[PDB]
Amino acid sequence: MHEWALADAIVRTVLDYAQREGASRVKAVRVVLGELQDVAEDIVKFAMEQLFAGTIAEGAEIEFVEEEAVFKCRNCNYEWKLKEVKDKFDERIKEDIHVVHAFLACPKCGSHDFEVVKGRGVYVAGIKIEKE
Amino acid sequence: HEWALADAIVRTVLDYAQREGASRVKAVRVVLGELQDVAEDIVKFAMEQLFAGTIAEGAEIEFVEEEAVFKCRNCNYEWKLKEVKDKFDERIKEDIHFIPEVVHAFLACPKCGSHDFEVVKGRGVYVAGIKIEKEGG
Ligand SMILES: [Zn+2]
Ligand SMILES: [Zn+2]
């Protein structure tokens, strides 16, 4: 596992703060992840939520945010973002004479005529409210 | 294209608090399709504006993507994009020219060539914010 060590840190970081703050409960925790992380966020929630159990961090809304990736060159000082790199690479996959018919046709038969079972949908999967 | 999408939504939400006799809307989870080209931050911005002054004001709004799933109306075959996308990946990774071209495309600086660069924002996961409650005095 690569998502536990990630929750042990983030769960120790959160309980170290609340403790040195004399808090009665941790309500929310925002986490930022570099777009370079190959981890699955829901496993981290699984792990976090589980590690908070029986602590003042129980029932703490957990949000995740991505931290765009960027790097700098010491020798030229040219600073750049990941994206630039992807296109420079993608256009060397274009020299491979690569692909279109594959993304536009059912893999089983030649097809090329289909239906969108799940795709362009937009509903409200859930609402959290308060009553009396 | 959102001022509407966000309207059908605020209506569904605020309608739900009506037939429920709720005092406040805490959070809203919205599922969008990856085939829907809509700016997510706008819809959120538009939802917040429509929520201002109502009982849903300041409600956390999480967004969830709904993968695409196609059904061939010729052989009745269903398939998820991650199976046609992940394949170019598996067939592009095989090539000999890959591991060596991955290096020219990543471990390089477009500016010179170099191979010695430093990372600013990327690696690492860091707690950006922790909300608490205190009773000190
Ligand atoms: Zn450079
Ligand atoms: Zn088919």
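Residues numbered from 1 in each chain as written, not as in the entry; some residues may be left out. Chains lettered and ligands numbered in written order. Heavy atoms only, no water. Residues with missing side-chain atoms left out of burial classes, pairs and counts.

Moving on, we come to the environment of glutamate 65 of chain B. All names here are of chain B. Within the element layout of this structure, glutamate 65 appears in strand β2 (residues 60-66). On a C-alpha basis, the gap between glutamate 65 and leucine 32 in space is 4.8 Å, while along the polypeptide they are 33 residues apart. Once residues lying within four places of it in the same chain are set aside, the contact partners of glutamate 65 are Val31, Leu32 and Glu34. (Helix = DSSP H or I, 4+ residues; strand = E, 2+ residues; numbered from the N terminus. Contact = heavy atoms within 4.5 Å.)

The next thing to look at is the UniProt feature "binding site: Zn(2+)" in chain A. The sites that UniProt annotates as "binding site: Zn(2+)" are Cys73, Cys76, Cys106 and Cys109 of chain A. Considering the arrangement of structural elements, one finds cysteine 73 of chain A in strand β3 (residues 70-73). Among all residues touching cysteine 73 of chain A, those that are not within four sequence positions of it are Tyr78 and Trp80 of chain A together with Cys109, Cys112, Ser114, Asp116 and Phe117 of chain B. Among the secondary structure elements, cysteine 106 of chain A is positioned in the loop between α4 (100-103) and β5 (116-118). What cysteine 106 of chain A contacts, discounting residues up to four positions off in sequence, is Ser111 and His112 of chain A together with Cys72, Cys75, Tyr77 and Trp79 of chain B. (UniProt positions renumbered as here; feature names shortened; annotations may be inferred.)

Residue and element names in this part refer to chain B. For the pair helix α1 (residues 2-18) and helix α2 (residues 40-51), interaxial distance at closest approach is 9 Å and the crossing angle is 50°. The angle between α1 and α2 places the two elements in the oblique class. By crossing handedness, the relation of α1 to α2 is classed as right-handed. Facing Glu2, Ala6, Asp7, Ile9, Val10, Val13 and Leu14 of α1, the residues of α2 in contact are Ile42, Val43, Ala46, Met47, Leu50 and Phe51. Class assignment of the residues belonging to the contact of α1 with α2 gives a composition of 11 nonpolar, no polar and two charged. (Axes fitted to C-alpha atoms, helices over the stretch in contact; angles between N-to-C directions. Parallel < 35°, antiparallel > 145°, perpendicular 65-115°, else oblique. Left-handed = near helix turned anticlockwise from the far one by under 90°. Nonpolar A, V, L, I, M, F, W, Y, C, P; charged D, E, K, R; others polar.)

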